[PDB]
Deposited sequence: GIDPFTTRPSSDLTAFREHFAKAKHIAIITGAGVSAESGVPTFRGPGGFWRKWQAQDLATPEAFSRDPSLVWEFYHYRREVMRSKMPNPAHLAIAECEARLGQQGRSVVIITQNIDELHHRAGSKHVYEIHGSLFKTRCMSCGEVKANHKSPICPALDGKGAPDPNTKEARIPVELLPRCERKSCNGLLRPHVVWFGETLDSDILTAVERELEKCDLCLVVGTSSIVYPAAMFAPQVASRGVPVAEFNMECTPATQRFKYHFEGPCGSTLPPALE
């Protein structure tokens, strides 16, 4: 019941919105997981690990160069926006809206969301292997050596770029090798971030889950902490609810969400 939900919405003073790949998918962004998500011969799980980078940093960067560039043509969809405008509108009323996202495509920012927590990091940040510095970066290409590389055709030739010529740290005294500031498989989340998110979910009086499910990581870490306080939770995804069955609005976020937040 939508009207029931809006009645909550009305009251809410601290709203938290958790977002999964459903929403980045709706903007036409590859997640490279499950059927027909390949990049050349591989899937994410193969390449998004520290072992792969250690072993073959050109190839991993080729992969991430691609993902960086495909973004130039993918725009935020209506869900992205509806949220961003929501935050803005409510901000002005002294209410609060915070986004917690597992996505790394920066689409929330491009839609104009401000209080965003990127818990898997971002494609457009680099961390230095040497000095550990995190710096924004949207350069295209990120470095010359990679220009027009990362083609996804299964029979593409490896670039096999010398590690010295991949993206390096600019502090000169440093010149460390950069990696994407993304959480890979087998890595821990940043605790500073998680402590924040915790604080935010402890304060929230309404929680949305969008393009993923409360039941699965990462929603699962938290929705429990909020639900157990008795706070309403509203899913917006395309997963199915069985006949006999807090709120759940089946359908593409692009469609379901903006009416909800109006």
- Which regions of the deposited sequence are unaccounted for in the modelled residues, listed N- to C-terminal? 1-11, 257-258
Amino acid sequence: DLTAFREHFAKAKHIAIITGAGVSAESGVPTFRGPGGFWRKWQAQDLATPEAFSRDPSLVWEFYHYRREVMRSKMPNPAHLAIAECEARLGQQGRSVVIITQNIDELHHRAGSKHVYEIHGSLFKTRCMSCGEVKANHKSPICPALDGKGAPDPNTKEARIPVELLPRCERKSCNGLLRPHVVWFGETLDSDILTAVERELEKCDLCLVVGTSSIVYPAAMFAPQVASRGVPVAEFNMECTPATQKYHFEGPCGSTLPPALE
From here on, numbers count along this sequence of modelled residues.
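For clarity, a rigid core is taken as the largest C-alpha set superposing within 1.5 Å between two forms.
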- 153-161 or 87-95, the stretch lying farther from the shown form in 8 other deposited structures of this protein by root mean square CA distance over structures and residues, after core fitting, is 153-161
- Name the stretch that deviates more in 8 other deposited structures of this protein: 234-242, or 14-22? Use RMS CA distance to the shown form, core superposed. 234-242
- Assert higher mean C-alpha B factor (186-194 or 149-157, deposited values) equals 149-157
- Between the two ranges 165-173 and 131-139, the one averaging a larger CA B factor in the entry: 165-173
- Message: Take the CA temperature factors straight from the PDB entry and tell me which of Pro232, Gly28, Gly36, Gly211 peaks.
- Response: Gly36
- Query: Of the three thirds of its chain by CA temperature factor, lowest, middle or highest, which one includes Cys240?
  - Reply: highest
- Where does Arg68 sit by CA temperature factor within its chain: lowest, middle or highest third? lowest
- Ranked by Cα temperature factor within the chain, is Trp61 in the lowest third, the middle third or the highest third? lowest
- Task: Comparing against every modelled residue in the chain, figure out the third that the C-alpha B-factor of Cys204 lands in (lowest, middle or highest).
- Result: middle
- Taking the entry's C-alpha B-factors for this chain, is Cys253 in the lowest, middle or highest third? highest
